[PDB]
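Residue numbers (PDB author numbering), protein chains in the order written: chain C, 141 to 166; chain A, 141 to 166; chain B, 141 to 166; chain D, 141 to 166.
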């Protein structure tokens, strides 16, 4: 869904989730 | 707290909260 | 400013791709 | 690369500042 209030929230979760997965592996 | 797992998460919440507040006003 | 709000989602995707590339190097 | 993880927080702050300036124009 490219409507901005869904898409922005999803991108923020992607950034946060990928950082946490990286940092746990690090 | 500038430790990365706190600071990154807080910047993400700032971006998301500021967007939602703006979009409600818009 | 004429930009649609999706510019924010697009920029979050772009920067998240930079973070992703950095994690993979590490 | 060898960048500190806080480069991510610093970049999120910088882009969040751009988003904030956009909200003020809108």
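Cβ coordinates follow ideal geometry from the N, Cα and C atoms, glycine included.
For this session: Answer with yes or no whether the minimum CB distance from residue 157 of chain D to chain B is below 8 Å.
Result: On the fourth chain, position 17 is the one that residue 157 of chain D refers to. Answer no: the Cβ-Cβ gap between residue 157 of chain D and chain B never drops below 8 Å.
For this session: Please check if any C-beta of chain C sits within less than 8 Å of the C-beta of residue 148 of chain A.
Result: The residue labelled residue 148 of chain A in the question sits at position 8 within the second chain. Output row for residue 148 of chain A: interface = yes.
Problem set entry | Same chain, Cβ closer than 6 Å to residue 150 of chain C, five either side skipped, listed in chain order | One-based indexing of the first chain puts residue 150 of chain C at position 10. Cβ within range, chain order: n/a, list empty.
Exercise. So is residue 153 of chain C in contact with chain B if we call contact Cβ pairs under 8 Å?
Worked result: Along the first chain, read from residue 1 onward, the residue named residue 153 of chain C stands at position 13. No, its Cβ sits nowhere closer than 8 Å to a Cβ of chain B.
Exercise. Does the beta carbon of residue 162 of chain C sit closer than 8 Å to a beta carbon anywhere in chain A?
Worked result: On the first chain, position 22 is the one that residue 162 of chain C refers to. Residue 162 of chain C does not count as touching chain A.
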